[PDB]
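Remarks on the overall topology
What follows is each chain in one-letter form.
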Amino acid sequence: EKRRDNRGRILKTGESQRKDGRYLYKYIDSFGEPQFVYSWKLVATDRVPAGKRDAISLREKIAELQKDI
DNA sequence: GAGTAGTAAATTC
DNA sequence: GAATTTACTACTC
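The rules behind each value
- Residues numbered from 1 in each chain as written, not as in the entry; some residues may be left out.
- Chains lettered and ligands numbered in written order.
- Heavy atoms only, no water.
- Core = buried A, V, L, I, M, F, W, Y, C linked by side-chain atoms within 4.5 Å.
- Buried < 20%, exposed > 50% of the residue type's maximum accessible area, 1.4 Å probe, protein only.
- Helix = DSSP H or I, 4+ residues; strand = E, 2+ residues; numbered from the N terminus.
- Contact = heavy atoms within 4.5 Å.
- Pairing = 2+ DSSP bridges.
- Near = heavy atom within 4 Å.
- Polar contact = N/O pair within 3.5 Å; in protein donor to acceptor, adjacent residues only side chain to side chain.
- Nonpolar A, V, L, I, M, F, W, Y, C, P; charged D, E, K, R; others polar.
- Axes fitted to C-alpha atoms, helices over the stretch in contact; angles between N-to-C directions.

Take the nonpolar core next. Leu-11, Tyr-23, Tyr-25, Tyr-27, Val-37, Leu-42, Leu-58 and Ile-62 together form the largest nonpolar core, which totals eight residues. Those elements that provide at least two residues to this core are β2 (23-28) and α1 (58-66). With residues up to four places along the chain from it excluded, the contact list for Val-37 reads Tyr-23, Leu-24, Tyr-25, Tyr-27, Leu-58, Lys-61 and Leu-65.

Here's what the structure looks like:
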């Protein structure tokens, strides 16, 4: 009934979590084909499993798509 | 449009 | 020195 994270936090539509537990944000772009955006942190404050690469939380990537990239 | 599973390729501590 | 991540589609509701 609702998309939950790998713990107990509620994710917003469009967002979810791959199979590795990382966050994923799929969205139909103006091209006519879904777009994959990867991220381990839902916000730029959490952390990331050791061995994983660093990146701005999906909320920061998304903010670029909604603002003006 | 929303999300999943599987993969092809390249990269990293 | 080995193990891991990314990208798109295909199918589904």
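Attention now moves to the pairing of strand β3 (residues 34-39). Judged from the six bridges that link them, β2 and β3 form a sheet pairing that is antiparallel. Bridged to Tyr-23 within β3 is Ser-39. Taking the residues between adjacent antiparallel strands as the criterion, β2 and β3 are bridged by five residues, where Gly-32 takes a positive phi near 105 degrees.

Take the protein's contact with DNA strand C next. By nearness alone, every residue bordering DNA strand C is listed as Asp-20, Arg-22, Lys-26, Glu-33, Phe-36, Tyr-38, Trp-40 and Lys-52. Within 4 Å of the protein, the contacting atoms of DNA strand C are 62% sugar and phosphate, with bases supplying the remainder. Take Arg-22: an N or O atom from its side chain is 2.5 Å from a phosphate oxygen of DNA strand C. In the environment of DNA strand C, a sugar or linking oxygen lies 2.6 Å from a nitrogen or oxygen atom belonging to the side chain of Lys-52. Considering only residue class, the surface near DNA strand C consists of three nonpolar, no polar and five charged.

Across three bridges, strand β1 (residues 15-17) lies against β2 in antiparallel orientation. Note that in β2 the partner of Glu-15 across the bridge is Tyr-25. Joining the antiparallel neighbours β1 and β2 is a turn of five residues, in which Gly-21 adopts a positive phi near 95 degrees.

Okay, the sheet that holds β3 next. Hydrogen bonds between backbone groups are what pair the strands of a sheet, and the pairing can be parallel or antiparallel. Here we have three strands laid out as an open sheet, ordered β1-β2-β3, and antiparallel in their pairing. Sheet topology places β1 and β3 at the edges, where each strand pairs with a single neighbour. When strand polarity is set aside, the average angle formed by the axes of neighbouring strands in this sheet is 30 degrees. Along the sheet, α1 makes contact with β1, β2 and β3, crossing β2 at roughly 20 degrees.

As a further point, take the protein's contact with DNA strand B. Taken together, the neighbourhood of DNA strand B is formed by 13 residues, with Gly-14, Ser-16, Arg-18, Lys-26 and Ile-28 sitting nearest. Counting only the atoms of DNA strand B that lie within 4 Å of the protein, the sugar and phosphate share comes to 59%. The contact in question runs from a phosphate oxygen of DNA strand B to an N or O atom on the backbone of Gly-14, over 2.7 Å. Between DNA strand B and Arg-53, the relevant distance is 3.3 Å, taken from a sugar or linking oxygen to a side-chain nitrogen or oxygen of the residue. Within the residue set of the surface near DNA strand B, elements represented by two or more residues are β1 and β2. Partitioned by chemical class, the residues of the surface near DNA strand B number three nonpolar, four polar and six charged.

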